[PDB]
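Here is the structure we will look at, set down as structure tokens.
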Amino acid sequence: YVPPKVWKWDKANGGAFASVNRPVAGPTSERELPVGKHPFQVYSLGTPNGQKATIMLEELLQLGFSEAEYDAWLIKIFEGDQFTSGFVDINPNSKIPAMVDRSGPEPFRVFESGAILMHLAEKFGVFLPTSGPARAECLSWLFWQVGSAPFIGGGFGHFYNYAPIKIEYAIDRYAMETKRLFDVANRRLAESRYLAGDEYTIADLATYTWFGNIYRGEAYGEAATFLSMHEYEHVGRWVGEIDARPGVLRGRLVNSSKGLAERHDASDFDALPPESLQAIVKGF
Amino acid sequence: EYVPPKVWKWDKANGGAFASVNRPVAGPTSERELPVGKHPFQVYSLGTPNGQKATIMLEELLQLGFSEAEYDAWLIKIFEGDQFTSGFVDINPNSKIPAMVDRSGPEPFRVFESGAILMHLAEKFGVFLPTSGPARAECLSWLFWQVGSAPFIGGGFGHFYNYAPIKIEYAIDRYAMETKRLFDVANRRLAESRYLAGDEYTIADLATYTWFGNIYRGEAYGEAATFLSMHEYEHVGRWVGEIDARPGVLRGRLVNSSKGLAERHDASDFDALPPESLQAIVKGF
Ligand SMILES: N[C@@H](CCC(=O)N[C@@H](CS)C(=O)NCC(=O)O)C(=O)O
Ligand SMILES: N[C@@H](CCC(=O)N[C@@H](CS)C(=O)NCC(=O)O)C(=O)O
Ligand SMILES: N[C@@H](CCC(=O)N[C@@H](CS)C(=O)NCC(=O)O)C(=O)O
Ligand SMILES: N[C@@H](CCC(=O)N[C@@H](CS)C(=O)NCC(=O)O)C(=O)O
């Protein structure tokens with residue numbers, strides 16, 4: 001194989017995502033989004049990125065902020081729901097999560113999980129230092145997470161778990177980088193309880209959804225063995241602490257095949273068996 | 001066909017040119033302190049698109065008269081492992097450029113990641129980022145979009161098309177397709193808006209412009225502009241052309257660059273270059 005002078009879209013690419021991945025953006029059909037009664041309207045799926053948004057909102061509800069009540073509407077990314085006119089209008093990039101803030105007289109969109117986390121942390125004044133050097137430390141780790149997850153999911157996850165052919169050079173490239181990123185976190189968590197200081201912030205939440213899912217064996221087949229996750233004992237400590245947070249236990253279940261399809265009221269969780277909200281096990 | 005082992009082992013080089021630095025472990029590999037100059041901001045960087053975000057931002061602030069944005073930009077040679085000295089790891093645990101130390105107050109502190117540097121500076125000086133209101137959310141959305149998507153352009157497309165030792169059709173196709181999709185996102189936005197997050201230039205534009213302009217104008221990744229049909233993105237081209245004319249862009253692009261200044265330690269340093277370099281875009285080597 002020799003790359004052509006001009007790339008053309010003529011072959012399938014993406015494995016399980018080959019029915020949605022395209023070289024062009026924009027909507028593929030006309031459909032409006034549903035709107036509920038609560039101030040925050042979230043359009044998402046319970047992947048690590050969706051979980052950032054729904055955990056953040058559940059964290060705010062644990063603190064008593066009624067302005068954080070939310071409707072979490074299901075977006076099925078294997079089905080192309082991210083390409084409806086209504087979804088593209090709230091996220092031009094056609095990825096979950098995306099949100100509409102309806103808490104004021106004029107609604108507006110917020111897209112990208114990092115922007116959603118920042119927006120909510122700034123609105124309520126929690127989980128992000130409002131000023132001082134600690135703010136810069138938190139932002140540094142949050143942007144680090146956003147800039148590095150593509151290597152873990154779009155790189156390692158894709159080539160290890162979804163690509164139709166196993167490609168040694170690509171698997172090696174992204175397995176190596178994923179381990180390096182876990183080592184960055186592990187070395188930080190050897191010296192600090194949380195990534196950006198002594199307290200849990202949005203930088204921890206953002207990293208945790210990805211790292212905990214991989215570390216505890218729930219993501220990408222046998223990846224936890226493949227990547228020698230046992231090496232990262234400080235990551236493990238921090239995953240265990242965050243796993244225990246009530247807002248994490250609730251938020252991780254939203255838009256999830258193992259939890260709630262959607263969330264429209266706090267009482268929706270009463271439909272689940274009590275075991276679904278109990279401690280995330282660590283052993284085998 | 002290849003069969004992955006049960007447990008991954010680091011048994012083969014990976015990275016092409018970058019195989020002399022890419023590792024599955026983090027942390028410092030030598031003890032060396034960072035140099036420190038006289039100015040309030042100390043930047044440790046290289047004039048890649050990500051380094052240019054930092055140096056352009058500082059030059060934009062100096063363009064507005066903010067003397068508190070004066071800076072030393074020290075060169076970090078990423079092919080040679082300068083990013084793994086103890087001094088550099090101390091300011092960026094992730095060992096990537098740009099990173100900086102804010103020495104403007106009584107206690108210095110690190111800021112790492114280009115997006116965090118842009119936000120830190122925009123918040124400090126109250127410019128290039130709406131301080132409140134729905135426009136702030138729009139700006140942050142586009143800025144995080146840039147940071148979350150550049151890995152597909154550089155770590156995906158650029159790597160497989162330009163650096164990997166073997167041309168891998170599936171990987172080149174995956175990331176060429178995604179790079180084009182991201183250009184199309186920007187192109188469709190810029191068809192309806194002068195800038196990404198509204199009518200005015202913000203840090204979201206600066207962050208995206210360094211990458212998109214370098215690819216679009218033909219200076220990144222060999223023949224990528226022809227390969228990716230850059231001529232298709234006329235609104236990206238219009239926006240690149242507008243940002244190209246800003247003096248802070250023209251100066252900041254030249255910092256830590258093999259076609260500009262190796263380092264910046266004072267505003268007069270630019271008088272070492274041909275004067276035309278400050279007046280029109282210079283394409284990198
Ligand atoms: N940088 C983005 C990444 C979001 C992302 O990868 N979303 C995925 C699910 S986790 C998605 O919606 N993919 C749809 C698609 O690629 O078509 C963020 O942090 O929100
Ligand atoms: N178009 C995407 C569809 C899959 C997708 O969006 N995956 C998510 C995780 S479910 C991902 O890798 N997100 C990267 C990030 O968060 O930056 C692809 O082909 O990789
Ligand atoms: N998300 C990071 C990406 C920074 C990045 O990719 N830095 C590259 C040069 S542009 C680097 O220093 N690479 C060194 C290495 O990989 O060893 C940011 O926006 O700052
Ligand atoms: N370790 C890196 C070294 C090269 C590198 O860091 N490249 C930069 C551009 S020079 C990149 O793609 N950064 C991704 C980003 O900005 O998110 C690799 O092999 O990809």
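Residue numbers start at 1 in each chain; chains themselves are named A, B, ... in the order of the structure tokens; ligands are numbered from 1 in the order shown.
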
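Those residues that approach residue 126 (chain B) to within 12 Å, counting only C-alpha atoms, are residues 61, 64, 66, 118, 119, 120, 121, 122, 130, 131, 132, 136, 202 and 203 of chain B; same-chain residues fewer than 4 positions away are not listed.
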
Residues of chain B within 7 Å of chain A, counting only C-alpha atoms - could you list those as a ChimeraX atom specification?
/B:2-3,6-8,14,23-26,93-94,109,111-113,115-116,120,134,137-138,140-141,144-145,147-148,151,167,169,174,177-178,180-181,184-185,226-229

Write down as a ChimeraX atom specification the residues of region 71-281 of chain A whose backbone DSSP state falls under strand (DSSP E).
/A:71-74,98-101,108-111

Now that the selection is made, can you save its residues with C-alpha atoms as an mmCIF file, in the first residue's frame?
```cif
data_model
loop_
_atom_site.group_PDB
_atom_site.id
_atom_site.type_symbol
_atom_site.label_atom_id
_atom_site.label_comp_id
_atom_site.auth_asym_id
_atom_site.auth_seq_id
_atom_site.Cartn_x
_atom_site.Cartn_y
_atom_site.Cartn_z
ATOM 1 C CA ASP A 71 -33.218 15.686 32.533
ATOM 2 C CA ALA A 72 -30.755 13.235 30.947
ATOM 3 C CA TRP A 73 -32.067 12.169 27.540
ATOM 4 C CA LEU A 74 -30.565 9.140 25.821
ATOM 5 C CA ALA A 98 -23.907 18.013 25.244
ATOM 6 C CA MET A 99 -26.209 20.177 27.330
ATOM 7 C CA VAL A 100 -28.632 23.072 27.257
ATOM 8 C CA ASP A 101 -28.610 25.391 30.271
ATOM 9 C CA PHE A 108 -27.800 28.220 25.598
ATOM 10 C CA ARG A 109 -25.693 25.217 24.634
ATOM 11 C CA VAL A 110 -22.633 23.813 26.354
ATOM 12 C CA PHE A 111 -20.738 21.040 24.555
#
```

Go through the chains and note each residue within 9 Å of ligand 4, using only C-alpha atoms and all ligand atoms, then give the set as a count of residues only.
42

Give the answer as one residue: which of A:220, A:29, A:62, A:215 has the shortest atom-to-atom distance to ligand 2, using only C-alpha atoms and all ligand atoms?
A:220

Residues near residue 269 (chain A), anyone? I mean within 9 Å using only C-alpha atoms, not counting same-chain ones fewer than 5 positions away, as a ChimeraX atom specification.
/A:250,253,259-260,263,277

Keeping N, CA, C and O atoms, export the residues of the selection given above as an mmCIF file, in the first residue's frame.
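Writing done, so here's selection.cif:
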```cif
data_model
loop_
_atom_site.group_PDB
_atom_site.id
_atom_site.type_symbol
_atom_site.label_atom_id
_atom_site.label_comp_id
_atom_site.auth_asym_id
_atom_site.auth_seq_id
_atom_site.Cartn_x
_atom_site.Cartn_y
_atom_site.Cartn_z
ATOM 1 N N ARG A 250 -24.586 7.159 41.975
ATOM 2 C CA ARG A 250 -25.806 7.469 41.230
ATOM 3 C C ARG A 250 -25.500 7.872 39.795
ATOM 4 O O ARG A 250 -26.066 7.328 38.839
ATOM 5 N N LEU A 253 -24.794 5.497 36.724
ATOM 6 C CA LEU A 253 -25.882 4.651 36.242
ATOM 7 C C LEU A 253 -26.793 5.350 35.244
ATOM 8 O O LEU A 253 -27.711 4.714 34.716
ATOM 9 N N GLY A 259 -28.237 0.461 34.254
ATOM 10 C CA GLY A 259 -28.829 1.397 35.185
ATOM 11 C C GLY A 259 -30.126 1.974 34.652
ATOM 12 O O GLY A 259 -31.049 1.224 34.322
ATOM 13 N N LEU A 260 -30.219 3.296 34.588
ATOM 14 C CA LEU A 260 -31.388 4.003 34.080
ATOM 15 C C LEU A 260 -31.179 4.377 32.624
ATOM 16 O O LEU A 260 -30.140 4.942 32.273
ATOM 17 N N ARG A 263 -32.827 9.852 33.024
ATOM 18 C CA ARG A 263 -33.121 10.391 34.352
ATOM 19 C C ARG A 263 -34.001 11.617 34.198
ATOM 20 O O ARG A 263 -33.624 12.569 33.503
ATOM 21 N N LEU A 277 -26.710 0.385 43.733
ATOM 22 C CA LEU A 277 -26.134 1.588 44.311
ATOM 23 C C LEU A 277 -25.117 1.278 45.389
ATOM 24 O O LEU A 277 -24.725 2.172 46.149
#
```

Could you state the separation of CA of residue 10 (chain B) and CA of residue 190 (chain A) in Å, given to one decimal place?
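These two atoms are separated by 23.5 Å.
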
I need the residues of region 68-246 of chain B that end up classed as helix (DSSP H, G or I) by DSSP on the backbone, written out as a ChimeraX atom specification.
/B:68-69,82-84,86-91,114-125,134-163,169-190,203-216,224-227,230-232,234-244

Same residues, C-alpha atoms, output as a compact mmCIF listing (two decimals), in the first residue's frame:
```txt
# COMPACT_ATOMS: atom_id res chain seq x y z
CA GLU B 68 2.86 42.06 33.11
CA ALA B 69 2.79 39.63 30.16
CA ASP B 82 14.66 17.94 27.44
CA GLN B 83 11.05 17.33 28.56
CA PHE B 84 12.26 14.58 30.92
CA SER B 86 13.83 16.85 36.68
CA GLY B 87 13.29 20.58 36.26
CA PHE B 88 10.82 20.19 33.40
CA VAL B 89 8.91 17.30 34.98
CA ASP B 90 8.51 19.49 38.07
CA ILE B 91 6.51 22.02 36.01
CA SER B 114 -1.73 24.80 26.32
CA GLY B 115 -5.43 25.10 27.11
CA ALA B 116 -4.76 25.83 30.77
CA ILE B 117 -2.08 28.38 29.82
CA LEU B 118 -4.54 30.13 27.49
CA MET B 119 -7.25 30.17 30.13
CA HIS B 120 -4.88 31.30 32.88
CA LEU B 121 -3.64 34.24 30.82
CA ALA B 122 -7.09 35.18 29.48
CA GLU B 123 -8.50 35.20 33.02
CA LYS B 124 -5.57 37.15 34.46
CA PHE B 125 -5.87 39.96 31.93
CA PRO B 134 -23.60 32.53 27.62
CA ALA B 135 -20.69 33.68 25.44
CA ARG B 136 -18.25 32.28 28.01
CA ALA B 137 -19.82 28.82 27.69
CA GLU B 138 -19.58 28.99 23.90
CA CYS B 139 -15.89 29.94 24.09
CA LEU B 140 -15.06 27.17 26.56
CA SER B 141 -16.94 24.61 24.46
CA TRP B 142 -14.81 25.39 21.39
CA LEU B 143 -11.57 25.56 23.39
CA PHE B 144 -12.12 22.12 24.95
CA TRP B 145 -13.19 20.86 21.52
CA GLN B 146 -9.81 21.90 20.12
CA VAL B 147 -7.85 20.31 22.96
CA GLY B 148 -9.83 17.08 22.74
CA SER B 149 -9.57 16.77 18.97
CA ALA B 150 -5.96 17.73 18.12
CA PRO B 151 -4.79 14.26 19.20
CA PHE B 152 -6.60 12.82 16.19
CA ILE B 153 -4.91 15.34 13.88
CA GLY B 154 -1.36 15.15 15.26
CA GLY B 155 -1.10 11.95 17.25
CA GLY B 156 -3.23 10.14 14.72
CA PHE B 157 -3.06 11.60 11.23
CA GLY B 158 0.32 13.30 11.46
CA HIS B 159 1.91 10.29 13.08
CA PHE B 160 0.62 7.64 10.69
CA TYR B 161 0.90 9.76 7.53
CA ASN B 162 4.28 11.37 8.24
CA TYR B 163 6.24 9.65 11.05
CA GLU B 169 -3.77 2.01 5.26
CA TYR B 170 -6.40 1.44 7.96
CA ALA B 171 -4.77 3.94 10.34
CA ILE B 172 -4.08 6.60 7.72
CA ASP B 173 -7.67 6.29 6.52
CA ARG B 174 -9.08 6.48 10.06
CA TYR B 175 -7.25 9.67 10.94
CA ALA B 176 -7.43 11.33 7.52
CA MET B 177 -11.18 10.87 7.70
CA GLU B 178 -11.35 12.28 11.23
CA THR B 179 -9.10 15.24 10.42
CA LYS B 180 -11.35 16.11 7.48
CA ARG B 181 -14.43 15.80 9.70
CA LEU B 182 -12.89 18.25 12.21
CA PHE B 183 -12.02 20.71 9.44
CA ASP B 184 -15.63 20.37 8.25
CA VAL B 185 -16.93 21.15 11.76
CA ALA B 186 -14.90 24.36 11.74
CA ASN B 187 -15.77 25.15 8.12
CA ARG B 188 -19.51 24.81 8.76
CA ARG B 189 -19.27 27.02 11.84
CA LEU B 190 -17.17 29.66 10.04
CA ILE B 203 -8.62 31.91 22.82
CA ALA B 204 -10.76 29.25 21.12
CA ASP B 205 -9.75 30.69 17.74
CA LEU B 206 -6.09 30.97 18.70
CA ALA B 207 -5.97 27.37 19.91
CA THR B 208 -7.56 26.00 16.73
CA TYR B 209 -5.72 28.38 14.36
CA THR B 210 -2.22 27.18 15.21
CA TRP B 211 -3.06 23.63 14.12
CA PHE B 212 -5.54 24.39 11.35
CA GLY B 213 -3.56 27.21 9.74
CA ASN B 214 -0.32 25.23 9.72
CA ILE B 215 -2.02 22.31 7.96
CA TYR B 216 -4.12 24.47 5.64
CA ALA B 224 -1.01 16.69 3.80
CA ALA B 225 -2.72 19.79 2.38
CA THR B 226 -3.15 18.07 -0.98
CA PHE B 227 -3.89 14.69 0.62
CA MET B 230 -7.62 21.62 2.09
CA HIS B 231 -9.04 23.70 -0.77
CA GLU B 232 -12.50 22.35 0.26
CA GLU B 234 -12.95 27.97 2.16
CA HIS B 235 -14.34 29.39 5.42
CA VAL B 236 -11.41 27.96 7.37
CA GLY B 237 -9.21 29.66 4.78
CA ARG B 238 -10.93 33.02 5.27
CA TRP B 239 -10.53 32.79 9.05
CA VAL B 240 -6.88 31.70 8.79
CA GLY B 241 -6.23 34.72 6.59
CA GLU B 242 -7.78 37.12 9.09
CA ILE B 243 -5.80 35.72 12.03
CA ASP B 244 -2.57 35.64 9.97
```

What's around residue 278 (chain A) at 9 Å? Count only C-alpha atoms, leave out sequence neighbours fewer than 4 positions away in its own chain, and write the answer as a VMD selection string.
chain A and resid 244 249 274

Under the rule that only C-alpha atoms and all ligand atoms are counted, which of A:57, A:20, A:196, A:120 is the nearest residue to ligand 2?
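Under the stated criterion, the closest residue is A:20.
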
What separation in Å, quoted to one decimal, exists between CA of residue 198 (chain A) and CA of residue 129 (chain A)?
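A separation of 12.0 Å between them.
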
What does the structure give for the distance between atom 14 (C, counted along the ligand's line) of ligand 3 and CA of residue 262 (chain B), in Å to one decimal?
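If I compute the distance from atom 14 (C, counted along the ligand's line) of ligand 3 to CA of residue 262 (chain B), I get 17.5 Å.
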
Nearest residue to ligand 2 from the set A:43, A:83, A:194, A:210 (distances using only C-alpha atoms and all ligand atoms)
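The closest residue to ligand 2 is A:210.
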